[PDB]
file structure20.pdb (PDB, N, CA and C atoms)
MODEL        1
ATOM      1  N   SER F   1      69.653 114.391 105.218  1.00  0.00           N
ATOM      2  CA  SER F   1      70.112 113.185 105.897  1.00  0.00           C
ATOM      3  C   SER F   1      71.250 113.506 106.862  1.00  0.00           C
ATOM      4  N   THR F   2      71.503 112.590 107.795  1.00  0.00           N
ATOM      5  CA  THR F   2      72.539 112.798 108.797  1.00  0.00           C
ATOM      6  C   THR F   2      73.922 112.711 108.165  1.00  0.00           C
ATOM      7  N   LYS F   3      74.802 113.635 108.553  1.00  0.00           N
ATOM      8  CA  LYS F   3      76.198 113.621 108.139  1.00  0.00           C
ATOM      9  C   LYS F   3      77.090 113.687 109.371  1.00  0.00           C
ATOM     10  N   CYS F   4      78.322 113.201 109.226  1.00  0.00           N
ATOM     11  CA  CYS F   4      79.189 112.982 110.373  1.00  0.00           C
ATOM     12  C   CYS F   4      80.611 113.418 110.064  1.00  0.00           C
ATOM     13  N   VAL F   5      81.323 113.816 111.114  1.00  0.00           N
ATOM     14  CA  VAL F   5      82.762 114.035 111.068  1.00  0.00           C
ATOM     15  C   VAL F   5      83.430 112.970 111.927  1.00  0.00           C
ATOM     16  N   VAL F   6      84.535 112.427 111.431  1.00  0.00           N
ATOM     17  CA  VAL F   6      85.345 111.459 112.159  1.00  0.00           C
ATOM     18  C   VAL F   6      86.765 111.992 112.205  1.00  0.00           C
ATOM     19  N   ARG F   7      87.352 112.007 113.391  1.00  0.00           N
ATOM     20  CA  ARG F   7      88.714 112.474 113.585  1.00  0.00           C
ATOM     21  C   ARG F   7      89.546 111.327 114.134  1.00  0.00           C
ATOM     22  N   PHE F   8      90.693 111.086 113.507  1.00  0.00           N
ATOM     23  CA  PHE F   8      91.678 110.121 113.977  1.00  0.00           C
ATOM     24  C   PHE F   8      92.932 110.868 114.399  1.00  0.00           C
ATOM     25  N   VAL F   9      93.437 110.559 115.584  1.00  0.00           N
ATOM     26  CA  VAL F   9      94.681 111.134 116.073  1.00  0.00           C
ATOM     27  C   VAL F   9      95.645 109.982 116.311  1.00  0.00           C
ATOM     28  N   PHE F  10      96.741 109.973 115.568  1.00  0.00           N
ATOM     29  CA  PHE F  10      97.758 108.945 115.692  1.00  0.00           C
ATOM     30  C   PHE F  10      98.879 109.444 116.593  1.00  0.00           C
ATOM     31  N   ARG F  11      99.424 108.544 117.407  1.00  0.00           N
ATOM     32  CA  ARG F  11     100.488 108.882 118.337  1.00  0.00           C
ATOM     33  C   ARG F  11     101.638 107.901 118.167  1.00  0.00           C
ATOM     34  N   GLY F  12     102.846 108.370 118.459  1.00  0.00           N
ATOM     35  CA  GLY F  12     104.034 107.540 118.427  1.00  0.00           C
ATOM     36  C   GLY F  12     104.936 107.861 117.245  1.00  0.00           C
ATOM     37  N   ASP F  13     106.038 107.106 117.188  1.00  0.00           N
ATOM     38  CA  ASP F  13     107.088 107.348 116.204  1.00  0.00           C
ATOM     39  C   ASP F  13     106.587 107.187 114.772  1.00  0.00           C
ATOM     40  N   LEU F  14     105.565 106.358 114.557  1.00  0.00           N
ATOM     41  CA  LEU F  14     105.055 106.080 113.221  1.00  0.00           C
ATOM     42  C   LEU F  14     103.740 106.791 112.927  1.00  0.00           C
ATOM     43  N   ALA F  15     103.367 107.782 113.741  1.00  0.00           N
ATOM     44  CA  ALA F  15     102.048 108.399 113.624  1.00  0.00           C
ATOM     45  C   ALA F  15     101.803 108.956 112.225  1.00  0.00           C
ATOM     46  N   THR F  16     102.793 109.648 111.656  1.00  0.00           N
ATOM     47  CA  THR F  16     102.600 110.263 110.345  1.00  0.00           C
ATOM     48  C   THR F  16     102.489 109.209 109.250  1.00  0.00           C
ATOM     49  N   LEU F  17     103.278 108.135 109.356  1.00  0.00           N
ATOM     50  CA  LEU F  17     103.132 107.014 108.433  1.00  0.00           C
ATOM     51  C   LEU F  17     101.750 106.387 108.560  1.00  0.00           C
ATOM     52  N   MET F  18     101.285 106.175 109.791  1.00  0.00           N
ATOM     53  CA  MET F  18      99.954 105.607 109.976  1.00  0.00           C
ATOM     54  C   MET F  18      98.882 106.487 109.346  1.00  0.00           C
ATOM     55  N   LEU F  19      98.953 107.799 109.576  1.00  0.00           N
ATOM     56  CA  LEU F  19      97.948 108.702 109.027  1.00  0.00           C
ATOM     57  C   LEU F  19      97.875 108.562 107.517  1.00  0.00           C
ATOM     58  N   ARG F  20      99.033 108.556 106.855  1.00  0.00           N
ATOM     59  CA  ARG F  20      99.057 108.503 105.397  1.00  0.00           C
ATOM     60  C   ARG F  20      98.576 107.155 104.873  1.00  0.00           C
ATOM     61  N   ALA F  21      98.924 106.060 105.555  1.00  0.00           N
ATOM     62  CA  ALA F  21      98.416 104.752 105.145  1.00  0.00           C
ATOM     63  C   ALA F  21      96.894 104.701 105.226  1.00  0.00           C
ATOM     64  N   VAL F  22      96.323 105.249 106.304  1.00  0.00           N
ATOM     65  CA  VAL F  22      94.873 105.246 106.489  1.00  0.00           C
ATOM     66  C   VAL F  22      94.198 106.169 105.482  1.00  0.00           C
ATOM     67  N   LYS F  23      94.770 107.353 105.260  1.00  0.00           N
ATOM     68  CA  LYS F  23      94.226 108.275 104.264  1.00  0.00           C
ATOM     69  C   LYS F  23      94.181 107.623 102.884  1.00  0.00           C
ATOM     70  N   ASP F  24      95.255 106.918 102.509  1.00  0.00           N
ATOM     71  CA  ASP F  24      95.266 106.179 101.250  1.00  0.00           C
ATOM     72  C   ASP F  24      94.136 105.151 101.193  1.00  0.00           C
ATOM     73  N   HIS F  25      93.936 104.393 102.275  1.00  0.00           N
ATOM     74  CA  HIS F  25      92.866 103.396 102.293  1.00  0.00           C
ATOM     75  C   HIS F  25      91.488 104.044 102.176  1.00  0.00           C
ATOM     76  N   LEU F  26      91.252 105.132 102.912  1.00  0.00           N
ATOM     77  CA  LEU F  26      89.929 105.758 102.891  1.00  0.00           C
ATOM     78  C   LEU F  26      89.637 106.402 101.541  1.00  0.00           C
ATOM     79  N   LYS F  27      90.653 106.988 100.914  1.00  0.00           N
ATOM     80  CA  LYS F  27      90.445 107.600  99.607  1.00  0.00           C
ATOM     81  C   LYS F  27      90.184 106.557  98.529  1.00  0.00           C
ATOM     82  N   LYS F  28      90.711 105.344  98.697  1.00  0.00           N
ATOM     83  CA  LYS F  28      90.408 104.273  97.752  1.00  0.00           C
ATOM     84  C   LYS F  28      88.934 103.885  97.814  1.00  0.00           C
ATOM     85  N   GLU F  29      88.357 103.859  99.015  1.00  0.00           N
ATOM     86  CA  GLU F  29      86.956 103.492  99.169  1.00  0.00           C
ATOM     87  C   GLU F  29      86.020 104.693  99.124  1.00  0.00           C
ATOM     88  N   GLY F  30      86.552 105.903  99.280  1.00  0.00           N
ATOM     89  CA  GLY F  30      85.770 107.113  99.177  1.00  0.00           C
ATOM     90  C   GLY F  30      86.548 108.243  98.526  1.00  0.00           C
ATOM     91  N   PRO F  31      86.752 108.153  97.209  1.00  0.00           N
ATOM     92  CA  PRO F  31      87.569 109.175  96.521  1.00  0.00           C
ATOM     93  C   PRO F  31      86.992 110.574  96.606  1.00  0.00           C
ATOM     94  N   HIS F  32      85.679 110.693  96.759  1.00  0.00           N
ATOM     95  CA  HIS F  32      85.000 111.978  96.861  1.00  0.00           C
ATOM     96  C   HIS F  32      84.960 112.522  98.282  1.00  0.00           C
ATOM     97  N   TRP F  33      85.434 111.758  99.268  1.00  0.00           N
ATOM     98  CA  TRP F  33      85.311 112.185 100.655  1.00  0.00           C
ATOM     99  C   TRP F  33      86.186 113.398 100.946  1.00  0.00           C
ATOM    100  N   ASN F  34      85.679 114.268 101.817  1.00  0.00           N
ATOM    101  CA  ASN F  34      86.408 115.431 102.323  1.00  0.00           C
ATOM    102  C   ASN F  34      87.339 114.945 103.427  1.00  0.00           C
ATOM    103  N   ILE F  35      88.612 114.745 103.090  1.00  0.00           N
ATOM    104  CA  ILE F  35      89.597 114.203 104.019  1.00  0.00           C
ATOM    105  C   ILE F  35      90.786 115.149 104.056  1.00  0.00           C
ATOM    106  N   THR F  36      91.093 115.675 105.240  1.00  0.00           N
ATOM    107  CA  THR F  36      92.173 116.634 105.410  1.00  0.00           C
ATOM    108  C   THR F  36      93.023 116.227 106.604  1.00  0.00           C
ATOM    109  N   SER F  37      94.227 116.787 106.676  1.00  0.00           N
ATOM    110  CA  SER F  37      95.168 116.486 107.748  1.00  0.00           C
ATOM    111  C   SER F  37      95.478 117.752 108.537  1.00  0.00           C
ATOM    112  N   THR F  38      95.490 117.632 109.867  1.00  0.00           N
ATOM    113  CA  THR F  38      95.839 118.714 110.782  1.00  0.00           C
ATOM    114  C   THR F  38      96.842 118.191 111.808  1.00  0.00           C
ATOM    115  N   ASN F  39      97.206 119.058 112.756  1.00  0.00           N
ATOM    116  CA  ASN F  39      98.045 118.686 113.901  1.00  0.00           C
ATOM    117  C   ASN F  39      99.382 118.096 113.448  1.00  0.00           C
ATOM    118  N   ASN F  40     100.065 118.824 112.562  1.00  0.00           N
ATOM    119  CA  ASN F  40     101.392 118.441 112.071  1.00  0.00           C
ATOM    120  C   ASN F  40     101.379 117.046 111.447  1.00  0.00           C
ATOM    121  N   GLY F  41     100.347 116.765 110.654  1.00  0.00           N
ATOM    122  CA  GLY F  41     100.254 115.485 109.983  1.00  0.00           C
ATOM    123  C   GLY F  41      99.943 114.310 110.881  1.00  0.00           C
ATOM    124  N   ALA F  42      99.432 114.558 112.088  1.00  0.00           N
ATOM    125  CA  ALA F  42      99.087 113.499 113.025  1.00  0.00           C
ATOM    126  C   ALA F  42      97.588 113.346 113.244  1.00  0.00           C
ATOM    127  N   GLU F  43      96.776 114.280 112.757  1.00  0.00           N
ATOM    128  CA  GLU F  43      95.329 114.218 112.903  1.00  0.00           C
ATOM    129  C   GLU F  43      94.688 114.164 111.524  1.00  0.00           C
ATOM    130  N   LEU F  44      93.805 113.189 111.328  1.00  0.00           N
ATOM    131  CA  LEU F  44      93.111 112.974 110.066  1.00  0.00           C
ATOM    132  C   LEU F  44      91.627 113.235 110.271  1.00  0.00           C
ATOM    133  N   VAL F  45      91.049 114.080 109.422  1.00  0.00           N
ATOM    134  CA  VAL F  45      89.677 114.547 109.586  1.00  0.00           C
ATOM    135  C   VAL F  45      88.906 114.194 108.323  1.00  0.00           C
ATOM    136  N   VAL F  46      87.850 113.398 108.480  1.00  0.00           N
ATOM    137  CA  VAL F  46      86.962 113.008 107.386  1.00  0.00           C
ATOM    138  C   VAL F  46      85.612 113.667 107.631  1.00  0.00           C
ATOM    139  N   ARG F  47      85.162 114.493 106.691  1.00  0.00           N
ATOM    140  CA  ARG F  47      83.954 115.280 106.886  1.00  0.00           C
ATOM    141  C   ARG F  47      82.848 114.829 105.944  1.00  0.00           C
ATOM    142  N   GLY F  48      81.610 115.049 106.374  1.00  0.00           N
ATOM    143  CA  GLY F  48      80.449 114.918 105.509  1.00  0.00           C
ATOM    144  C   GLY F  48      80.138 113.516 105.035  1.00  0.00           C
ATOM    145  N   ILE F  49      80.285 112.524 105.899  1.00  0.00           N
ATOM    146  CA  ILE F  49      79.999 111.148 105.522  1.00  0.00           C
ATOM    147  C   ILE F  49      78.771 110.673 106.286  1.00  0.00           C
ATOM    148  N   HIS F  50      78.095 109.682 105.712  1.00  0.00           N
ATOM    149  CA  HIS F  50      76.924 109.098 106.344  1.00  0.00           C
ATOM    150  C   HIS F  50      77.315 108.362 107.622  1.00  0.00           C
ATOM    151  N   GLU F  51      76.335 108.215 108.519  1.00  0.00           N
ATOM    152  CA  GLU F  51      76.596 107.573 109.803  1.00  0.00           C
ATOM    153  C   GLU F  51      77.050 106.129 109.623  1.00  0.00           C
ATOM    154  N   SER F  52      76.442 105.407 108.679  1.00  0.00           N
ATOM    155  CA  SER F  52      76.822 104.017 108.448  1.00  0.00           C
ATOM    156  C   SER F  52      78.298 103.898 108.084  1.00  0.00           C
ATOM    157  N   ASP F  53      78.814 104.847 107.307  1.00  0.00           N
ATOM    158  CA  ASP F  53      80.216 104.783 106.908  1.00  0.00           C
ATOM    159  C   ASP F  53      81.142 105.275 108.010  1.00  0.00           C
ATOM    160  N   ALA F  54      80.702 106.271 108.783  1.00  0.00           N
ATOM    161  CA  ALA F  54      81.519 106.788 109.875  1.00  0.00           C
ATOM    162  C   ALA F  54      81.796 105.709 110.913  1.00  0.00           C
ATOM    163  N   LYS F  55      80.775 104.928 111.268  1.00  0.00           N
ATOM    164  CA  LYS F  55      80.981 103.831 112.208  1.00  0.00           C
ATOM    165  C   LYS F  55      81.868 102.750 111.604  1.00  0.00           C
ATOM    166  N   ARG F  56      81.649 102.422 110.331  1.00  0.00           N
ATOM    167  CA  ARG F  56      82.416 101.357 109.696  1.00  0.00           C
ATOM    168  C   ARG F  56      83.897 101.715 109.610  1.00  0.00           C
ATOM    169  N   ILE F  57      84.216 102.942 109.187  1.00  0.00           N
ATOM    170  CA  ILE F  57      85.628 103.300 109.085  1.00  0.00           C
ATOM    171  C   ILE F  57      86.237 103.501 110.466  1.00  0.00           C
ATOM    172  N   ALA F  58      85.426 103.870 111.459  1.00  0.00           N
ATOM    173  CA  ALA F  58      85.936 103.938 112.822  1.00  0.00           C
ATOM    174  C   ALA F  58      86.371 102.559 113.298  1.00  0.00           C
ATOM    175  N   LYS F  59      85.514 101.552 113.097  1.00  0.00           N
ATOM    176  CA  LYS F  59      85.849 100.189 113.501  1.00  0.00           C
ATOM    177  C   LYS F  59      87.049  99.655 112.728  1.00  0.00           C
ATOM    178  N   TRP F  60      87.171 100.027 111.449  1.00  0.00           N
ATOM    179  CA  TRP F  60      88.268  99.530 110.619  1.00  0.00           C
ATOM    180  C   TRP F  60      89.618 100.000 111.149  1.00  0.00           C
ATOM    181  N   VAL F  61      89.718 101.287 111.489  1.00  0.00           N
ATOM    182  CA  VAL F  61      90.993 101.850 111.926  1.00  0.00           C
ATOM    183  C   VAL F  61      91.331 101.380 113.332  1.00  0.00           C
ATOM    184  N   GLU F  62      90.331 101.338 114.215  1.00  0.00           N
ATOM    185  CA  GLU F  62      90.565 100.933 115.598  1.00  0.00           C
ATOM    186  C   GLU F  62      91.011  99.482 115.702  1.00  0.00           C
ATOM    187  N   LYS F  63      90.512  98.614 114.820  1.00  0.00           N
ATOM    188  CA  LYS F  63      90.906  97.210 114.873  1.00  0.00           C
ATOM    189  C   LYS F  63      92.376  97.038 114.521  1.00  0.00           C
ATOM    190  N   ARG F  64      92.869  97.844 113.584  1.00  0.00           N
ATOM    191  CA  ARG F  64      94.196  97.679 113.003  1.00  0.00           C
ATOM    192  C   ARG F  64      95.242  98.606 113.606  1.00  0.00           C
ATOM    193  N   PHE F  65      94.839  99.783 114.074  1.00  0.00           N
ATOM    194  CA  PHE F  65      95.727 100.731 114.747  1.00  0.00           C
ATOM    195  C   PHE F  65      95.081 101.057 116.084  1.00  0.00           C
ATOM    196  N   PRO F  66      95.179 100.155 117.067  1.00  0.00           N
ATOM    197  CA  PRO F  66      94.415 100.340 118.316  1.00  0.00           C
ATOM    198  C   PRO F  66      94.821 101.558 119.132  1.00  0.00           C
ATOM    199  N   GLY F  67      96.052 102.041 118.988  1.00  0.00           N
ATOM    200  CA  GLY F  67      96.467 103.206 119.749  1.00  0.00           C
ATOM    201  C   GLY F  67      95.974 104.535 119.215  1.00  0.00           C
ATOM    202  N   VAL F  68      95.156 104.529 118.169  1.00  0.00           N
ATOM    203  CA  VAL F  68      94.607 105.764 117.621  1.00  0.00           C
ATOM    204  C   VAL F  68      93.473 106.255 118.512  1.00  0.00           C
ATOM    205  N   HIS F  69      93.320 107.575 118.586  1.00  0.00           N
ATOM    206  CA  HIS F  69      92.159 108.188 119.217  1.00  0.00           C
ATOM    207  C   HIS F  69      91.129 108.513 118.143  1.00  0.00           C
ATOM    208  N   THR F  70      89.883 108.106 118.375  1.00  0.00           N
ATOM    209  CA  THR F  70      88.813 108.213 117.393  1.00  0.00           C
ATOM    210  C   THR F  70      87.646 108.998 117.975  1.00  0.00           C
ATOM    211  N   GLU F  71      87.233 110.055 117.275  1.00  0.00           N
ATOM    212  CA  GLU F  71      86.069 110.850 117.651  1.00  0.00           C
ATOM    213  C   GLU F  71      85.125 110.944 116.462  1.00  0.00           C
ATOM    214  N   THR F  72      83.845 110.664 116.699  1.00  0.00           N
ATOM    215  CA  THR F  72      82.807 110.740 115.678  1.00  0.00           C
ATOM    216  C   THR F  72      81.710 111.684 116.152  1.00  0.00           C
ATOM    217  N   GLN F  73      81.369 112.664 115.316  1.00  0.00           N
ATOM    218  CA  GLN F  73      80.330 113.644 115.616  1.00  0.00           C
ATOM    219  C   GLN F  73      79.422 113.760 114.402  1.00  0.00           C
ATOM    220  N   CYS F  74      78.136 113.487 114.591  1.00  0.00           N
ATOM    221  CA  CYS F  74      77.179 113.452 113.497  1.00  0.00           C
ATOM    222  C   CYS F  74      76.222 114.636 113.566  1.00  0.00           C
ATOM    223  N   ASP F  75      75.572 114.897 112.436  1.00  0.00           N
ATOM    224  CA  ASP F  75      74.679 116.038 112.303  1.00  0.00           C
ATOM    225  C   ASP F  75      73.568 115.731 111.304  1.00  0.00           C
TER     226      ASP F  75
ENDMDL
END
call {"tool": "encode", "arguments": {"input": "structure20.pdb", "output": "structure tokens"}}
result
Amino acid sequence: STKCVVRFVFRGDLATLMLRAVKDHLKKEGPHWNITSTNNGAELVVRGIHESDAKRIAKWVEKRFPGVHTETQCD
């Protein structure tokens, strides 16, 4: 089945706080998800998720943290 990577890049004075708040939310709904942090705690990478969930979590973060950069790549 298709699997996807989603990358969130937070910018600004609260970027690291935003990343951790979002990571907490995603781990609550996907405790088994492969979620790691890069770019000095400003980039959040979620690996190996279904396309339906990648789009849903993309829309969730963009609605609430509009200044985030969101990239989704599926396989």
call {"tool": "residues_near_point", "arguments": {"input": "structure20.pdb", "point": "(100.6, 104.4, 119.2)", "cutoff": "5 Å", "atoms": "only N, CA and C atoms", "output": "PDB file with N, CA and C atoms, in the frame of the given file"}}
result
ATOM      1  N   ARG F  11      99.424 108.544 117.407  1.00  0.00           N
ATOM      2  CA  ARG F  11     100.488 108.882 118.337  1.00  0.00           C
ATOM      3  C   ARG F  11     101.638 107.901 118.167  1.00  0.00           C
ATOM      4  N   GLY F  12     102.846 108.370 118.459  1.00  0.00           N
ATOM      5  CA  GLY F  12     104.034 107.540 118.427  1.00  0.00           C
ATOM      6  C   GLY F  12     104.936 107.861 117.245  1.00  0.00           C
ATOM      7  N   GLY F  67      96.052 102.041 118.988  1.00  0.00           N
ATOM      8  CA  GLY F  67      96.467 103.206 119.749  1.00  0.00           C
ATOM      9  C   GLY F  67      95.974 104.535 119.215  1.00  0.00           C
TER      10      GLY F  67
END
call {"tool": "atom_distance", "arguments": {"input": "structure20.pdb", "atom1": "atom CA of residue 19 of chain F", "atom2": "atom CA of residue 1 of chain F"}}
result
28.4 Å
call {"tool": "residues_around", "arguments": {"input": "structure20.pdb", "residues": "residue 5 of chain F", "least_positions_apart": "6", "cutoff": "8 Å", "atoms": "only N, CA and C atoms", "output": "PyMOL selection string"}}
result
chain F and resi 45-51+54+71-75
call {"tool": "atom_distance", "arguments": {"input": "structure20.pdb", "atom1": "atom CA of residue 60 of chain F", "atom2": "atom N of residue 39 of chain F"}}
result
21.6 Å
call {"tool": "resolve_selection", "arguments": {"input": "structure20.pdb", "expression": "the PyMOL selection byres ((chain F and resi 43) around 7)", "output": "list in words"}}
result
residues 7, 8, 9, 10, 19, 36, 37, 38, 39, 40, 41, 42, 44 and 45 of chain F
call {"tool": "atom_distance", "arguments": {"input": "structure20.pdb", "atom1": "atom CA of residue 69 of chain F", "atom2": "atom CA of residue 24 of chain F"}}
result
18.3 Å
call {"tool": "select_by_dssp", "arguments": {"input": "structure20.pdb", "residues": "chain F", "states": "helix (DSSP H, G or I)", "output": "PyMOL selection string"}}
result
chain F and resi 15-29+51-64
